[PDB]
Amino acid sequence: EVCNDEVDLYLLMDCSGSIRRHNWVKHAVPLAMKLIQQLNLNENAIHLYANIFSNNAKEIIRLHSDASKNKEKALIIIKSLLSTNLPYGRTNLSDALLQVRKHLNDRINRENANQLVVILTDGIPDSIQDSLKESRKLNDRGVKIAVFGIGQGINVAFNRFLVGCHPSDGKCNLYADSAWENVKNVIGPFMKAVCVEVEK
């Protein structure tokens, strides 16, 4: 796997109504699955956390659970997202980020592990200010943030600002974007680049 290190990885999966059910089924859920496939989930390597967010954040994989540390068990849970009322609602990225900060506050995370947030999103947050504020508070706790943008509703400048890059210029290893139909071709190289940054 291109991601293989002691990393607590918080997958924040946008489930907003802007996605459209057919994209959710054919692309978003398969994208999360392929993302997970880039990770060595193990007690001594990556531990996964996952939430979905639209109106609010909802945890779907508990950090350090069996599914957090085993890829087959993680993939069953992601696949279970198909048989739901998703997608729907707005884009409450700040509440999704807040849940990660609650893990840190509460000392749930491995203190020894690098802390990485990976956001999958097709839009702009409800509150750019609340999002960038949470993100700062995460950054102060040593958290790195990566963003994978999808489709025409994103704002690339905001995404790049979020991950700590210049909004337009220069290489940004913590950011990538893709058209809906192309996401599974962009995810592997993105996760390779992100994991290289996290390690360096």
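Numbers follow the displayed sequence, beginning with 1.
For the pair 91-99 and 124-132, the record assigns the higher mean C-alpha temperature factor to 124-132. A summary of the deposited B-factors shows that, of 168-176 and 43-51, the stretch with the larger mean C-alpha value is 168-176. Taking the deposited Cα B-factors for 119, 108, 116, 82, the highest one is held by 82. Sorting the modelled residues of the chain by their CA temperature factor places residue 149 in the lowest third.
When the modelled residues of the chain are ordered by C-alpha B-factor, residue 27 sits in the middle third. Per the deposited record, the Cα B-factor of residue 76 falls in the highest third when ranked against the other modelled residues of its chain. Among the modelled residues of its chain, residue 64 has a C-alpha B-factor that falls in the lowest third, as given in the PDB entry. Ranked by C-alpha B-factor against the other modelled residues of its chain, residue 195 falls in the highest third.
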